[PDB]
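Per-entry structural report
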Amino acid sequence: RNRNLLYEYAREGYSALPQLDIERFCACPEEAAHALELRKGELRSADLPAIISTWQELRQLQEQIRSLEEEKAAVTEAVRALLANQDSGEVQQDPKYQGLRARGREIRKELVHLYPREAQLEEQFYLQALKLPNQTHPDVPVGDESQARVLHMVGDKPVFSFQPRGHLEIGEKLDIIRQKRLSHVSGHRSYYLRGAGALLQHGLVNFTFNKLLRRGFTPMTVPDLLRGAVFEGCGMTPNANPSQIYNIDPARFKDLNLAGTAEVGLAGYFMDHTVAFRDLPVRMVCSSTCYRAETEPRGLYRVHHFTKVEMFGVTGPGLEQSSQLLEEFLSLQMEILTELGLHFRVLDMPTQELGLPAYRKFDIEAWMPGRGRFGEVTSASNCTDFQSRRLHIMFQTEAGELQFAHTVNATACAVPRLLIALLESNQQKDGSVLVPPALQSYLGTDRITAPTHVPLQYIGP
Amino acid sequence: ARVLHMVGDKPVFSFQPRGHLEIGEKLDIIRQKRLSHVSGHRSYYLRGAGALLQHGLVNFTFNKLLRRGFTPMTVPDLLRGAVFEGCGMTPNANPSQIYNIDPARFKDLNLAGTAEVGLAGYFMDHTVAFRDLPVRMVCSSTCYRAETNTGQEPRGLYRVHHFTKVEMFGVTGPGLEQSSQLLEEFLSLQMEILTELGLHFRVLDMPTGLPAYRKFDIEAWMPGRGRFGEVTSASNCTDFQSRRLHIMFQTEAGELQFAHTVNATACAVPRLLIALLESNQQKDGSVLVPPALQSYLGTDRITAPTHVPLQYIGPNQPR
RNA sequence: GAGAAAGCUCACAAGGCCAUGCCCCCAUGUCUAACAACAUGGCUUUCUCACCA
Ligand SMILES: Nc1ncnc2c1ncn2[C@@H]1O[C@H](COS(=O)(=O)NC(=O)[C@@H](N)CO)[C@@H](O)[C@H]1O
Ligand SMILES: Nc1ncnc2c1ncn2[C@@H]1O[C@H](COS(=O)(=O)NC(=O)[C@@H](N)CO)[C@@H](O)[C@H]1O
């Protein structure tokens, strides 16, 4: 029914068991209860005492097991050394040998009997403990999405002589986007890009990639298929009744999932590996298709599959460095959107929506005139202590010590939201859509016109 | 298996040929170590020069096709079962090349094996104006294959579950001659791309698959493999995708008729990576970059990466 | 991709694709004072029957 894949991974021995944060806030229960309540994750403060008590019991059982193990090792080494000297029948007859053998047998029986109980305790405690969320930054406002503070807004809504139309209607008029009578082939909420739209998407992805490459980001490509354990480590729910991640049929393949985002793939690539101190900070830019079940009635606002460039980087051990890297990522997002020219406001995300694996999150919403409301297109999340601990990502220092490394993940741009914002923002009464200067060279045309080719005719019964 | 054309010259190497995987691991561009749990089996990760090579090849092919007027297009990743049945691929059989989404979670949802199925779905149950024909559109999307043979060369980059493959789809008029010439043009374009890259290659003709009336397979010489490797497959079809999907085109007279369909594969990143790395392989392991891709890569000569390679601290390691 | 077998795989000497040394798996458990030895399973290799849209 329900079982974590990280505990199963550690049990089989594929990877080292993750180090939880319960010890960090175990000192003061009230501070942790208040922070957890503000985050309002799946776990609640009401159930926290049970988890802390079980963890303490687990520590005591492990200490007892260690003591028994030490005694067994000492008796085995002493008996082996004594047996080597004067290895004759008389030594065997000696009472010391018989007593040591009996003690070894008793210790072995005690340890084997204790092992199952300890394993059950560990499974139950780790299962409940995984739900616990990450630390909340003090400067993060507490409340609902509306409560989120606005850091600043760049640009202004464009003045329009006439009411701008919806992006879907403009696309159908220009035939760039076709969403009619697609239930039989691609299912609901499936979209198609044609003509200028496809070129616009490719130009945006290439422009973002070139901009990031010049800054020194190392390009990376991640496989779409991923196993469930990586998903659990990322913090998403791989399996749930309302789960939104697509899982392939079990009979054909087992434990195969479609990547929710490129960052998940990069994290899997970095799982169970170390990085040299000189390389830090390491920035990797990955572009890949993301399929979300996502379980508006019409339009491109909700789409099952889309292409989004994602920048994920592993920073130094110091928390200050992770924050500085997040700030640099935010600056990059601002430069990209200013160059494109869209009106975007960067608002700090509230504690309630921060999520299980994100310490500090910045949400950038771009004004859409046709839609009439800001749409969130860029999200930056500081995975400093949750993802590294879950996947054991560590950075070795010059001395040779291993220190966990903070991870920051952000989305440079999304083709559906940026396409909708650009179309609605630059739409005109004649129906032509102006092209921003950055994408003009890639597209090669300042504006778009009605398609020359005759649009398709529906012959379906 | 007749050889219609042979182009280029086999490279001469003083030292023994080196496998693409060995060069990639030494260069660190591609890593395939202990990725069973993280990414499944026979997957791959491209970093550094490798990622630039994949993007460069896709962008270069896309720009070349666009210059000739190909209409760029994109297709939905998720496709219905009926579309696959129409294209001649059946998922009912237990061993199938089509990934099947869980039925309980979603109903009749299957990943697109190739981009051709998506483009064919696009033209389903629609009539194209007799003036628009011929219509050539280039779609670029990732293709996932359910089964890759592991009996021979399992630990290789030649066959992979997920690969980036540019696909060119062209609808043509009722005349068979129009379809044949369109296929000829597609073959010329792919041959031109390969010649531009400089890979030695031979194009042959497959006898008689059943759905395709004619077929053309282009194989590129690989030094590491030591044998010719198929890199592209353009295969004509005659009144089969349309007669199965009920795709009809209205002529000037107005009579309903079924148009011919031509589908070709411009290029695949994994095979091209193998050929490019092995053909330009040097004595010190450095890989020369062809001038055509120099602008995209931006590096005249690839060298060992400055960043230190990642070490494995996992339990499954000898101690 | 399917089935089955084995325990190691990478590298350095040396001969005209492999003869020998150099090194000879990670875990959970049954009898053992304990290494080892046999099971289940993972991973790295090898041998088979089959699709490559
Ligand atoms: N139903 C949806 N359909 C298509 N695109 C979406 C959808 N929801 C969000 N997006 C786009 O995808 C972006 C990612 O936002 S997010 O999934 O909630 N967070 C992430 O993906 C993290 N990996 C950030 O690096 C959004 O900012 C938006 O641009
Ligand atoms: N198992 C595979 N793994 C990775 N790439 C493949 C694989 N099989 C074929 N390709 C790539 O796709 C090309 C076409 O081979 S094919 O997929 O079986 N046939 C087709 O794609 C045609 N139906 C339209 O493209 C090959 O030349 C190669 O570039």
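Residues numbered from 1 in each chain as written, not as in the entry; some residues may be left out. Chains lettered and ligands numbered in written order. Heavy atoms only, no water. Residues with missing side-chain atoms left out of burial classes, pairs and counts.

Its PDB record attributes the structure to cryo-EM, giving the resolution as 4.1 Å.

**Structural notes on the overall build of chain B**
Formally: By definition, any uninterrupted DSSP run of H or I lasting at least four residues is a helix, any uninterrupted run of E lasting at least two residues is a strand, and each is numbered from the N terminus. The globule rule is 2.2 Å times the number of residues to the power 0.38, and the radius of gyration it is compared with is taken over C-alpha atoms.
Within chain B, the regular secondary structure consists of nine helices and 16 strands. Its C-alpha atoms give chain B a radius of gyration of 21 Å, near enough to 20 Å, the size a compact globule of 319 residues would have.

**Considering the site of ligand 2**
Residues and elements named next belong to chain B. To keep things clear, this is the line we draw: Nearness of a residue to a molecule or strand requires only that one of the residue's heavy atoms be within 4 Å of it. What qualifies as a polar contact is a pair of N or O atoms within 3.5 Å, subject to a donor-acceptor requirement within protein and to the restriction that residues adjacent in sequence count only when both atoms come from side chains. Here the accessible surface of atoms and residues is derived via Shrake-Rupley with a 1.4 Å probe, and residues count as covered only by protein chains that are part of the display. Under the convention adopted here, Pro, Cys and the residues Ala, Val, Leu, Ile, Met, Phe, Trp and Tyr are nonpolar, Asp, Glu, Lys and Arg are charged, and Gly plus all remaining residues are polar.
Near ligand 2 you find 14 residues, and of these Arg-145, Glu-167, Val-231, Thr-265 and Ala-268 are the closest. Separating an oxygen atom of ligand 2 from a side-chain N or O atom of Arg-145 is a distance of 2.7 Å. At a separation of 3.0 Å, an oxygen atom of ligand 2 approaches a polar backbone atom of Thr-232. In isolation ligand 2 exposes 590 Å². Once the protein is present, 84% of that is buried. Elements that contribute at least two residues to the shell around ligand 2 include exactly β9 (162-172), β12 (228-237) and β15 (260-268). The residue makeup of the shell around ligand 2, split by class, is four nonpolar, four polar and six charged.

**Remarks on the protein's contact with RNA strand C**
In the vicinity of RNA strand C, 33 residues are found, and the nearest of them are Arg80(A), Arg42(B), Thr148(B), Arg159(B) and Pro315(B). Protein-adjacent atoms of RNA strand C, using a 4 Å cutoff, are sugar or phosphate at a proportion of 64%. A distance of 3.1 Å is found between a sugar or linking oxygen of RNA strand C and a side-chain nitrogen or oxygen belonging to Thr76(A). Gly151(B) is positioned with one of its backbone polar atoms (N or O) 2.9 Å from a base oxygen of RNA strand C. Of all the elements in the fold, those that place two or more residues in the surface near RNA strand C are α1 (5-12), α4 (48-84) and α6 (95-130) of chain A together with α2 (36-39) of chain B. For the surface near RNA strand C, the element with the highest residue contribution is α4(A), accounting for four residues. Residue classes in the surface near RNA strand C are distributed as six nonpolar, 13 polar and 14 charged.

**Describing the interface of chain B and chain A**
Test applied: Throughout, a residue-residue contact means that at least one pair of heavy atoms, one from each residue, lies within 4.5 Å. Strands are labelled as partners when DSSP assigns at least two bridges between them.
Residue-level contacts link 70 residues of chain B with 79 residues of chain A. Counting residues per element, the side of chain B that touches chain A draws most heavily on helix α3 (residues 49-67) of chain B, which supplies seven residues. Its residues placed into classes, the side of chain B that touches chain A shows 35 nonpolar, 26 polar and nine charged. Relative to strand β16 (residues 311-312) of chain B, strand β6 (residues 273-276) of chain A runs antiparallel, the two sharing two bridges. Its bridge partner lying in β16(B), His273(A) is registered against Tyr312(B).

**Observations regarding the UniProt feature "binding site: ATP" in chain A**
All names here are of chain A. We apply this condition: UniProt positions are given in the numbering used here, feature names are shortened, and annotations may be inferred rather than shown by experiment. Whether a residue is buried, partly exposed or exposed follows from its accessible area with a 1.4 Å probe, protein chains only, as a fraction of its type maximum: under 20%, in between, or over 50%, in that order.
Mapped onto this structure's residue numbering, the UniProt feature "binding site: ATP" falls at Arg-292, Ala-293, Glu-294, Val-303, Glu-376, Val-377, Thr-378 and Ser-379. Position of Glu-294 among the secondary structure elements: in the loop between β7 (282-291) and β8 (305-314). A residue is classified by how much of its surface remains accessible, and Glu-294, at 35% relative accessible area, is partly exposed. With sequence-adjacent residues up to four places away left out, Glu-294 is seen in contact with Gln-244 and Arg-302. On the secondary structure map, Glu-376 appears in strand β11 (residues 375-382). In this structure, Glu-376 is in contact with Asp-363, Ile-364, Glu-365 and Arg-417, ignoring residues within four places of it in sequence.

**Quick look at the UniProt feature "binding site: ATP" in chain B**
Residue and element names in this part refer to chain B. Here the UniProt feature "binding site: ATP" sits at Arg-145, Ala-146, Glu-147, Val-160, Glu-230, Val-231, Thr-232 and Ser-233. Looking at where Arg-145 falls in the secondary structure, it is placed in the loop between β8 (135-144) and β9. On the accessibility criterion, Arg-145 (29% relative accessible area) is partly exposed. Those residues in contact with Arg-145, other than ones at most four positions away along the chain, are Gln-97, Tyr-99, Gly-113, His-161 and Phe-163. If you trace the backbone, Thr-232 turns up in strand β12. Residue classification places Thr-232 among the buried residues on the basis of a relative accessible area of 2%. Ignoring any residue separated from it by four or fewer positions in sequence, one finds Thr-232 in contact with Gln-190, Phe-216, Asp-217, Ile-218, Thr-265 and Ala-266.

**Brief notes about the UniProt feature "binding site: L-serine" in chain A**
All names here are of chain A. Look at the UniProt record and you will see "binding site: L-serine" annotated at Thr-261, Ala-262, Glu-263, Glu-310 and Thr-411. Tracing the chain through its elements places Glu-263 in helix α11 (residues 262-270). Sequence-distant contacts of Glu-263, that is, excluding residues within four places in its chain, are made with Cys-234, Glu-310, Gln-387 and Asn-409. The residues contacting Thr-411, other than those within four sequence positions of it, are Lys-308, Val-309, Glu-310, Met-311, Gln-333, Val-377, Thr-378 and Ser-379.

**Some thoughts on the domain arrangement of chain A**
Residues and elements named next belong to chain A. Note the threshold: In this document the domain limits rely on a domain assignment from an automatic tool or a database. Here's the idea: put two parts together, see how much 1.4 Å probe accessible area each one loses, and the total over both is what we call buried area.
One can read the domain layout of chain A as domain 1 (20-133) and domain 2 (134-448). For domain 1 versus domain 2, the separation of C-alpha centres amounts to 44 Å. In this assembly, nine residues from domain 1 lie in contact with 14 residues from domain 2. For the pair domain 1 and domain 2, the summed buried surface comes to about 1,000 Å²; carbon and sulfur atoms form 48% of the total.

**Regarding the sheet that holds strand β4 (residues 71-74) of chain B**
Selection rule: The convention used is that axes are lines fitted to C-alpha atoms, helices contributing only their stretch in contact, and that angles between N-to-C directions extend from 0 to 180 degrees.
What the nine strands build is an open sheet, ordered β2(A)-β4(B)-β8(B)-β9(B)-β15(B)-β12(B)-β11(B)-β10(B)-β1(B); its pairing is mixed. Either end of the sheet is taken by a strand with one partner, and the two such strands are β2 (193-194) of chain A together with β1 (2-7) of chain B. Pairing of strand β11 (residues 212-221) of chain B with β12(B) involves nine bridges; the strand directions are antiparallel. Within the sheet, the bridge partner assigned to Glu219(B) lies in β12(B) and is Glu230(B). Relative to the sheet, α3(B) contacts β4, β8, β9 and β15 of chain B, its axis offset from that of β9(B) by approximately 10 degrees.

**Topic: the packing of aromatic side chains**
To describe a pair of aromatic rings, one takes the distance between the centres and the angle between the planes. For the record, the criterion: A pair of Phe, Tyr and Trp rings is counted when the ring centres sit within 6.5 Å of each other, with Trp represented by its six-membered ring. The angle between the planes then sorts it: under 30 degrees is stacked, over 60 is edge-to-face, the rest tilted.
Tallied over the entire structure, the rule returns 17 aromatic pairs over all chains. Where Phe125(A) meets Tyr126(A), the ring centres are 5.1 Å apart and the plane angle is 85 degrees; that geometry is what we call edge-to-face. Accessibility classification places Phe125(A) together with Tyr126(A) in one group, the buried group. Pairing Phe13(B) with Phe15(B) gives two aromatic rings, centres 5.9 Å apart and planes at 20 degrees, and the pair type is stacked.

**Describing the sheet that holds strand β12 (residues 394-396) of chain A**
Taken in spatial order, the four strands make up an open sheet running β13(A)-β12(A)-β6(A)-β16(B), and their pairing is mixed. With partners counted over all chains shown, the strands left at the sheet margins are β13 (402-404) of chain A together with β16 of chain B, one partner each. Pairing of β6(A) with β12(A) involves three bridges; the strand directions are parallel. Within the sheet, the bridge partner assigned to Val275(A) lies in β12(A) and is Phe395(A).

**Observations concerning the UniProt feature "binding site: L-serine" in chain B**
Residue and element names in this part refer to chain B. Using the residue numbers shown here, the UniProt feature "binding site: L-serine" corresponds to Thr-114, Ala-115, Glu-116, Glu-167 and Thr-265. As for its placement among the helices and strands, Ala-115 is situated in helix α5 (residues 115-122). Judged by its relative accessible area of 1%, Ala-115 is buried. Filtering out sequence-adjacent residues up to four positions away, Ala-115 remains in contact with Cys-139, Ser-141, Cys-143, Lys-165 and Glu-167. Checked against the element boundaries, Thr-265 lands in strand β15.

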